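Only one chain is shown below, in structure tokens, and it's the form deposited in one PDB entry.
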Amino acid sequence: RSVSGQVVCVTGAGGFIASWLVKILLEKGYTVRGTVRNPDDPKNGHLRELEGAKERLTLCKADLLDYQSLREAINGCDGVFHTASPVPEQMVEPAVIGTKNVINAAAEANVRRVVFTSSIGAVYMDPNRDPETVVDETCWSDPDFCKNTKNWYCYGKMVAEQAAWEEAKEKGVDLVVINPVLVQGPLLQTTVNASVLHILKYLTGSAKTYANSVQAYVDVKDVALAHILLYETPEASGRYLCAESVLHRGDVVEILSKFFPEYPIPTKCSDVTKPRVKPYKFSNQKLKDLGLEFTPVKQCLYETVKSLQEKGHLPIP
């Protein structure tokens, strides 16, 4: 009831993280202006059906490359959640233009705070960092290294966040950054987004083996709540790593097989020669200290599968 009449913009509202963010904002009583490239497109239908959306969700047609469209969405907002930073090497250029546009429009509209959705891609890849060093918010990825190794995801995410800070400092905008890892969780959309596809291949039996590698995971609802916490907490500042666990692919398939023995999940690693890659260490203490409670990765994977079943992407025996 406290936030009634508060107006916030969420860019790229139809995305995985963004859809959950809109959902929860609406539940907490916010008025939400969500940007999508085509409001009348059926793929945004899920947004219009969210609790509170009829009364309090305005879907604004905007494109990150179209400054006036963004100004029209952002004008009259108290806050902006810039979640759309699309990163082929193709992704690198536009995430930067959009970020600059959004920050500049926020500045002109005298927005109180912008929360920018960055990524682990802006944090992890640094060849000059000791592999035993705990990964935290002081860690930035090395763009020269990512460019040279053709890791365009890392390159684009790093330069987009770098651009965000530079533009916010230049225009005097209060910017806070969240850095999610690989996000999993239940689907609001009818279609499966790219991150959840990572799990689907195991459950359909398309993946006959699992790879020798590790990744950090986090629940999508935690990520959404964290965005809100960063917006609402006056003392929030800087970047915030949003991750719950680092798992080997093997740990992931083990978790899935124990919960869902009925599916053709792979049991063998593709690499039988080199030793198992070890999970790296990280700290999510900065977000915990703000009061965020993290959903265990096991629960998150469980809920992801149950949602895939519910949405007709997996059979229910």
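Just count from 1 along the sequence shown to find any residue number.
Not on display, but discussed next: the form deposited with a small molecule bound.
Worksheet item: Of the listed stretches (144-152, 102-110, 163-171, 193-201), which one has a non-hydrogen atom within 4.5 Å of the small molecule in the bound PDB entry?
Response: Result for this chain: 193-201.
Discussion item. With the distance limit set at 4.5 angstroms and only heavy atoms considered, check whether 16, 85 and 182 all reach the small molecule in the bound PDB entry.
Written reply: Yes: each residue has a heavy atom within 4.5 Å of the partner.
Discussion item. I'd like to know whether residue 287 contacts the small molecule in the bound PDB entry, with contact meaning heavy atoms within 4.5 angstroms.
Written reply: Heavy-atom contact with the small molecule at 4.5 Å: absent for residue 287.
Worksheet item: Is residue 251 one of the residues lying within 4.5 Å of the small molecule in the bound PDB entry, judged by heavy atom distances?
Response: No.
Worksheet entry | Contact label in the bound PDB entry: residue 64 to the small molecule, heavy atom within 4.5 Å | Answer yes; at least one heavy atom of residue 64 falls within 4.5 Å of the small molecule in the bound PDB entry.
Worksheet item: Is there a non-hydrogen atom of residue 186 within 4.5 angstroms of a non-hydrogen atom of the small molecule in the bound PDB entry?
Response: Taking the distances in the bound PDB entry, the answer for residue 186 is no, it never comes within 4.5 Å of the small molecule.
Discussion item. Which residue, 276, 48, 43, 258, is the contact with the small molecule in the bound PDB entry, using a 4.5 Å heavy atom cutoff?
Written reply: None of the others qualify; the residue that does is 43.
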